[PDB]
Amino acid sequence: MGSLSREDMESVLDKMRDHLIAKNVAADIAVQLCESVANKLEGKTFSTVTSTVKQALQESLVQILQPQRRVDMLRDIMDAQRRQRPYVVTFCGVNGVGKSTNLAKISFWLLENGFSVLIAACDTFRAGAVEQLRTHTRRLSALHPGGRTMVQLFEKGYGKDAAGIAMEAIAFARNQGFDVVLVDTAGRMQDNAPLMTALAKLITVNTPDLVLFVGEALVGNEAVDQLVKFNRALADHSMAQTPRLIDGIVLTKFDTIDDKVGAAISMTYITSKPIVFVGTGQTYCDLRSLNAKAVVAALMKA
């Protein structure tokens, strides 16, 4: 209230909703976003109305992008070392989004910081999946970060049960004293219950330290469905009383969407979980952390 207060707000709220949608925010997220602005603004100069919703939207977008506390991988690995157990990380996501490429980027980063990593080749299905990992392991061994071993690929070819390989890889990792295990998994659609179950088994059987959903910033409304479905298998198929869920997000192909940046919000909206990494290209250094201001700035200018 008042009625033409609400009337002016909703009319400019609508222009903002159609703006976030055009920039690849998931429509129903764009909708829920504005309805939240309404509740916050209502009860309390047309330009001020425009500027008050524009300003208030911007404030919430920033809060959505950075929930909880920033994830601190190198610090948490140290805790794993103190307990003398590998810090285990699982990558999952749908077909094609950049799981295997971005796992390599991340290990480069870990390796340069002095940590040994065992890459578990647990996409035993898709053709090439293991040669492709193998090429990266051979290139990462060049970092040397000679005596001892900093990168090794743990692999058993194709055809075998990825939840079992991942258990072996971790046990091997603990046995050889590797700091980190990076578990690659195979691309799977989120409505494919077999694949969704097998993923859930790999996770609940092995209980990694960190489960990382990989999403591409090119996805549209499926950004929400992928994440909802992945978290539902993880929850539905857990054996623990405490359901193990997705810990964070790697958002890839951020260099392909220009300013249509809105997939960052679809994914930070539906989880209270952070974007740990941004993929900004196809090479080892194309790994950024997410800048909320730069994202929200992009989302307003269009």
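Residue numbers run from 1 along the displayed sequence.
According to the PDB entry, the deposited sequence contains 1 to 3 residues between residue 44 and residue 45 that lack coordinates. The modelled chain breaks after residue 145 and resumes at residue 146, leaving 4 to 9 residues of the deposited sequence without coordinates.
Stretches compared: 276-284, 12-20. Higher mean C-alpha B-factor in the entry: 12-20.
If you average the C-alpha B-factors over 69-77 and over 169-177, the higher value belongs to 69-77. In the PDB entry, the Cα temperature factor peaks, among 27, 246, 250, 53, at 53. For residue 59, the recorded CA temperature factor ranks within the highest third of the chain's modelled residues. Ranked by Cα temperature factor within the chain, residue 259 sits in the middle third according to the deposited record. Compared with the other modelled residues of the chain, the Cα B-factor recorded for residue 234 ranks in the middle third. Among all modelled residues in this chain, the alpha-carbon of residue 82 has a temperature factor (C-alpha) in the highest third. Sorting the modelled residues of the chain by their CA temperature factor places residue 206 in the middle third.
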